[PDB]
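Start counting at 1 in the sequence shown, then tack on 204, and there's your number in mature numbering (1 follows the signal peptide of the UniProt record, and there is no 0). Take a look at the structure below.
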Amino acid sequence: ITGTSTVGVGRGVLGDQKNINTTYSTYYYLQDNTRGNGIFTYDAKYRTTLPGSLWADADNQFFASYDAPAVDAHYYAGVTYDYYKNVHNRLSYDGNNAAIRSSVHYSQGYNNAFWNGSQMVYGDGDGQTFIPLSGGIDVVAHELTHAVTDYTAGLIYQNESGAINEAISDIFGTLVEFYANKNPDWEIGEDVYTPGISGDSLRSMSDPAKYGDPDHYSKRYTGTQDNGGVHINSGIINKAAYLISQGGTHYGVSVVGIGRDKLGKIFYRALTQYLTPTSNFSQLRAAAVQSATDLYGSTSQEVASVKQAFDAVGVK
Ligand SMILES: [Ca+2]
Ligand SMILES: [Ca+2]
Ligand SMILES: [Ca+2]
Ligand SMILES: [Ca+2]
Ligand SMILES: [Zn+2]
């Protein structure tokens, strides 16, 4: 919409008060003119057709129960944009300030959220397995990384190449979650997963085998389900990348953590400079080893920790 930029006030999925950038033209639309070519949040209106109608509001207050997912999708979209712009100096996902569009209230009881090659899609969840999936900041940032990966490494979405893609979106989903400092942790989607149960999550980068994901390359999934298990073998790279940031010993292999910021630096450079559409885990190791060398030197500790954490997960 061509209209006046403004700030609206609304409530998130988890009930937190927020301020959302909106654009006023007769209605208040959930359109952010402050970042890039615009951040747009649509109402799918419980249907599959996308993107739907740009979210409209008569009074610029978004405290309705129906608005709760839209506010989180529009607000956390601006957060993940801020991370890539401030932490990696990348303007939107294509590097050219591309417009960011999300569609909330997707389908009915849909327990998933995904980047379909063009925009963000958020189901509302059935209320038991999931609540509205835009509520978790790591959920938004994760699927937003898929937009980033599409324009850089372009890792195909099957086998190990897809498992790296999934893990890349998990790392940068957690790193954005730490960027907002919004009760951060190394789990995946604990905010919108099983509201009746507490202390559980969809995945775990610290403990992937806590929910049955392989934490070692020997334990990887080699079948054909889940497009070769790209959501399954993401636990190997998650365990690798988390040891990079934090350290510790995995299967008798010690790793000296270099912190979140250096890990976030290493994988992004590897993502946009060295990784290819058909990269496998070993090629990822060479890319992460090569990227740390550029940023820190071959004789530096950051290269050493990358070599150690990949040895810990058995990636050679
Ligand atoms: Ca309203
Ligand atoms: Ca949290
Ligand atoms: Ca999380
Ligand atoms: Ca839970
Ligand atoms: Zn994903």
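For each residue, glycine too, the CB sits at the ideal point set by N, CA and C.
Look at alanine 303 here: in three-state DSSP terms it is coil, with no helix or strand label. In the three-state reduction of the DSSP assignment, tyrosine 478 falls in the helix class, which pools H, G and I. Sequence-distant partners of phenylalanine 485 (beyond 5 residues in either direction) whose C-beta falls short of 6 Å from its own C-beta, in its chain, are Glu364 and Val519. The shortest CA-to-CA distance from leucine 348 to any of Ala474, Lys466, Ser373 and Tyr455 is the one to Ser373. Environment of ligand 2, chain-ordered: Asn387, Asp389, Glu394 and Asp395, taking every residue with Cβ within less than 6 Å of a heavy atom.
For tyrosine 250, the secondary structure class from DSSP, reduced to helix, strand or coil, is coil. Residue pairing by DSSP places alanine 260 opposite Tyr233 in a beta bridge.
In the three-state reduction of the DSSP assignment, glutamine 323 falls in the coil class. In the three-state reduction of the DSSP assignment, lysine 386 falls in the coil class, being assigned neither a helical nor a strand state. Check the Cα spacing between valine 325 and each of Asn316, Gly216 and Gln332: the tightest is with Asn316.
With 16 or more other Cβ atoms from the protein chains shown falling within 10 Å of its own Cβ, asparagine 437 counts as buried. For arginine 489, the enclosing alpha helix (DSSP H) has its first and last residue at 485-500. Under the three-state reduction of DSSP output, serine 509 falls in the helix class. Counting other Cβ atoms within 10 Å of its Cβ, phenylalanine 267 stays below 16 and is therefore classed as exposed.
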